[PDB]
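**Q**
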Amino acid sequence: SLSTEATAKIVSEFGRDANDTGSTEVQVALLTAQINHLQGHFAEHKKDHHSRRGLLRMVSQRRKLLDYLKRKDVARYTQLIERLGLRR
Amino acid sequence: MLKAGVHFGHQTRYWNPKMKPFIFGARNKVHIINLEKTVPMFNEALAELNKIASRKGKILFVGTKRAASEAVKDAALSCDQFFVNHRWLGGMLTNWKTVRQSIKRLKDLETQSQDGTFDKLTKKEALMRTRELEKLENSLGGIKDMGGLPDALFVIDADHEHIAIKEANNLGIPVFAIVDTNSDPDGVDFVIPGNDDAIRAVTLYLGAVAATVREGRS
Amino acid sequence: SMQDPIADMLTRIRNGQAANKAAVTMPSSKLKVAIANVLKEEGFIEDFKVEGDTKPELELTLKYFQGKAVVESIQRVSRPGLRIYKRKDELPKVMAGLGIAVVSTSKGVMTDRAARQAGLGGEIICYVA
RNA sequence: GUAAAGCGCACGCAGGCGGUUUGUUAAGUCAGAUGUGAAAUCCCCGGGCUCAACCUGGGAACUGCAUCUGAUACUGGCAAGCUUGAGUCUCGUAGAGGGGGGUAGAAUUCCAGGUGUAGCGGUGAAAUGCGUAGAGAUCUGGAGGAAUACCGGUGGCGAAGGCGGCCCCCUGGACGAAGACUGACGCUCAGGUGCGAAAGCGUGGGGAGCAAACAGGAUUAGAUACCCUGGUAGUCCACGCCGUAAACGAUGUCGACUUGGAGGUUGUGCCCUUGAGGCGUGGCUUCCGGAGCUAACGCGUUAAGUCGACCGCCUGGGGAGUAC
Ligand SMILES: [Mg+2]
Ligand SMILES: [Mg+2]
Ligand SMILES: [Mg+2]
Ligand SMILES: [Mg+2]
Ligand SMILES: [Mg+2]
Ligand SMILES: [Mg+2]
Ligand SMILES: [Mg+2]
Ligand SMILES: [Mg+2]
Ligand SMILES: [Mg+2]
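Protein chains in written order, with the deposited numbering: chain AO, 2 to 89; chain AB, 8 to 225; chain AH, 1 to 129.
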């Protein structure tokens, strides 16, 4: 999946504080990680469809996370996108 | 409850979710009947039993099984009670009209041996027809005298006697039987959650009901 | 997923009844209580309790008359994705009267009879007969 | 499920549905009232032509729309939460899950040489065929492609198709455990997007074995077959296309309930485990079977039982999944 190091690292850079892995923001971040890192792996092989399934899931899951955030706090949503350069 | 402490549970681990409300535990990989509520059962049974048993209550003790067999006879034969311990004929209760016909044949067959009405035909025939009485006195013997369905019946185990019971409740005849784990209570209307075997266990309640029944005759 | 908690409660009872189960349990909620109450006031269930503090439970005891169960039939009516509202002069008559129809009125969750008399209509919930 | 009928399978926008608590609102909803809903029909009661048909007085009804005044249980909106739904983190567990690259051994075939000599191969027999130009058998050396005995299973993993030697790298999912965190972020999904056995198609490779086509031999009345001797496509590879199958459990997905028995597989708490073991407790999975369901066969806690949310589909046979 993801490296424990980078995992914990990104946990604070967005976590509401410390060791609070679960925040709508935290998740999105942890998601975009593998989401972007996988592309590098997918750029190659390409025919690894079965692994794509996972990639796509996290992709859609992320959208469902952001969509929610924006609904529960337009603030964090607009700010979160920036630190990740998401939303086009 | 006294002598009741001589049978406890029975059957390894096959039971039946229907006997649950009567099971105590299962020490040593074996279900143990809840005798703590078994004796109380005896009341409703032994009560209603002697009740109708008063007016020459036609009681039918059933115990086709081996163990109880040799015993079941004495019990019912200790008063105006009848018994059946040899392969319950198919319909000897419901199809009585037809079954009784065999009884009559048996009756007259006895008279044959009774007086000089036996010494007839070649030894072959005599020896031939004699065999007939043998089995007949087994499958219909302990019931030869009972013109008409019994007022009730007390079957040993509700399992091995599935056929017998099936007819009883069909003729609207109250059923009294000892059920346990593997047994199916949905049949008998008077649940007697107790060991379905154990030479001692069977004789224990066998005569027990016999007495109350014979005693109920004033 | 639980898109209809009311249905669960109802089904829980009928399923239990036929199962001879002594009593039934489930997560309580304002509405569930009101229904369970009417079910008791009408003589369909022995009683009912609500255990738990932070997590509400609902000790609903079933009732069995003779060698049979009291609730011979209980089905949901005004279910989700298809609501049902009637008028004072519309309330259905369960089992020609021998039955009851729990209807939520602006005055509370009462039985069809009561509602019809109070002159107010509401939302049906089930037809316990 | 087998009668017509579950998209081959997933992700998911619109749409439909939405755990739990308090407050608030009052839109749906309920109540009251006010407009209006033409008269005639219809309906009830009552009249008038001798009766009836017919005519007529009154009421009812017009199941509807709008306004106003309330009621607030439920649904909807809003506010603040909550944690059991869903998800996140930590640590493990098993796995023929997927993509890429290596590599080993058994065998077949082919090439070369040795030994050796009249058969071999095949069938029901045969025959075609291969053999004295020396086969077959036997041994040595080499080339090459494809597939991985045993383990292996009532087995495992995957959404489905499907995935078996061993090794490395990249990668997806599932499960348990203690717990820690977010706080309804959920379920379903027309259209859409993507995945899709085999056969087939395009380009360029590869080609041992097997084999549509094709050619012989045999069989038969015939034999455009089955059988035998050969053998091209293809089967293999890379990339692209084709989207079908009895794509089947002929059974859509998610969730909650409802007696049992025996077994497989994988995780885990606890107990002199002295030894395996015993008390359990999650995930996945076989077989039998109760209630109930079923036209029956049968299904049966992995339901085809009892219920809820959403979806797809059926409406007599042939013509025809055909024509346009
Ligand atoms: Mg067919
Ligand atoms: Mg069909
Ligand atoms: Mg399918
Ligand atoms: Mg009018
Ligand atoms: Mg509300
Ligand atoms: Mg192919
Ligand atoms: Mg090709
Ligand atoms: Mg599986
Ligand atoms: Mg079965």
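Cβ atoms here follow ideal geometry from the backbone N, Cα and C, with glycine treated the same way.
Under the rule that 16 or more other beta-carbon atoms within 10 Å means buried, what is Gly52 of chain AH, buried or exposed?
**A** Counting Cβ neighbours within 10 Å, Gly52 of chain AH comes out exposed, since fewer than 16 surround it.
**Q** In the DSSP assignment, find the unbroken alpha helix (DSSP H) run with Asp115 of chain AB in it and report its ends.
**A** Taken as a continuous stretch (DSSP letters only), the alpha helix (DSSP H) holding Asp115 of chain AB covers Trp103 to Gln121.
**Q** If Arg207 of chain AB and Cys86 of chain AB are in contact, beta carbons under 8 Å, what's the gap, nearest whole angstrom?
**A** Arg207 of chain AB to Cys86 of chain AB, Cβ: 22 Å. No contact.
**Q** Can you tell me whether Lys48 of chain AO is helix, strand or coil according to DSSP?
**A** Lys48 of chain AO: coil per DSSP, three-state reduction.
**Q** Return the CA-CA distance between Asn37 of chain AH and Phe48 of chain AH, expressed in angstroms with no decimal places.
**A** Whole-angstrom Cα-Cα distance: 8 Å.
**Q** Please report the Cβ distance between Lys36 of chain AB and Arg20 of chain AB, rounded to the nearest whole angstrom; I am assuming they are in contact, meaning their Cβ atoms lie under 8 Å.
**A** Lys36 of chain AB to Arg20 of chain AB, Cβ: 6 Å. Contact.
**Q** Just the Cα atoms here: how many angstroms apart are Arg136 of chain AB and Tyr212 of chain AB?
**A** Spanning the two alpha carbons is a distance of roughly 38 Å.
**Q** Could you check where the beta strand (DSSP E) with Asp196 of chain AB kicks off and where it finishes?
**A** From DSSP, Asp196 of chain AB is part of no beta strand (DSSP E); its letter is neither H nor E.
**Q** So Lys104 of chain AB packs on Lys151 of chain AB, CB below 8 Å; how close in whole Å?
**A** The pair is not a contact, with the Cβ atoms about 16 Å apart (cut-off 8 Å).
**Q** Output the distance between the C-alpha atoms of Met153 of chain AB and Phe89 of chain AB, rounded to the nearest integer angstrom.
**A** In a straight line, the C-alpha of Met153 of chain AB is about 8 Å away from that of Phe89 of chain AB.
**Q** So for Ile6 of chain AH, helix, strand or coil by DSSP?
**A** Helix.
**Q** Taking C-alpha atoms, which residue in AB:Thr219, AB:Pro47, AB:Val106 and AB:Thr188 lies nearest to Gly155 of chain AB?
**A** Taking only the C-alpha atoms, the option nearest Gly155 of chain AB is AB:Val106.
**Q** Residues in its own chain within less than 7 Å of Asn189 of chain AB by CB, not counting five upstream and five downstream?
**A** The answer, listed in chain order, is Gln18, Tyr21, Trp22, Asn23 and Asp166.
**Q** Apart from the five residues on each side of it in sequence, which residues of its chain come closer than 6 Å, Cβ to Cβ, to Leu39 of chain AO?
**A** Here the set comprises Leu56.
**Q** Where do the ends of the beta strand (DSSP E) carrying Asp47 of chain AH lie?
**A** Taken as a continuous stretch (DSSP letters only), the beta strand (DSSP E) holding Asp47 of chain AH covers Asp47 to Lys49.
**Q** With which residues is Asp164 of chain AB paired in a DSSP beta bridge?
**A** Looking at the DSSP assignment, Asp164 of chain AB forms a beta bridge with AB:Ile185.
**Q** Identify, in the order they occur along the chain, each residue of the same chain with its Cβ nearer than 8 Å to the Cβ of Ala7 of chain AO, setting aside the five sequence neighbours on each side.
**A** Here the set comprises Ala34.
**Q** Is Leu100 of chain AB near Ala159 of chain AB, with beta carbons less than 8 Å apart?
**A** Not in contact: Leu100 of chain AB and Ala159 of chain AB (Cβ atoms no closer than 8 Å).
**Q** For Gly179 of chain AB, which of AB:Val198, AB:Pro157, AB:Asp187 and AB:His169 has the nearest alpha-carbon?
**A** Considering only alpha carbons, the answer is AB:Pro157.
**Q** Of the residues AB:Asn41, AB:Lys10, AB:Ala33 and AB:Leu9, which one's Cα is nearest the Cα of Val198 of chain AB?
**A** Ranking AB:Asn41, AB:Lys10, AB:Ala33 and AB:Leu9 by Cα distance to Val198 of chain AB puts AB:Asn41 first.
**Q** Who pairs with residue 144 of chain AH in a beta bridge, going by DSSP?
**A** An answer regarding residue 144 of chain AH cannot be provided, because it is not within the stretch 1 to 129 covered by chain AH.
**Q** Could you tell me the boundaries of the beta strand (DSSP E) in which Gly122 of chain AH lies?
**A** Looking at the DSSP string, the run of the beta strand (DSSP E) that includes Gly122 of chain AH is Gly122 to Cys126.
**Q** What separation, rounded to the nearest whole angstrom, lies between the Cα atoms of residue 1 of chain AO and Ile82 of chain AO?
**A** For residue 1 of chain AO there is no data in the structure shown, the boundaries of chain AO being 2 and 89.
**Q** Specify the secondary structure class of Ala23 of chain AH as computed by DSSP and reduced to three states.
**A** Three-state result, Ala23 of chain AH: strand.
**Q** When burial is assigned at 16 or more other CB atoms within 10 Å of the CB, is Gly64 of chain AB buried or exposed?
**A** That one is buried.
**Q** So, with DSSP's three-state summary, where would you put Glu59 of chain AH?
**A** Three-state result, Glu59 of chain AH: strand.
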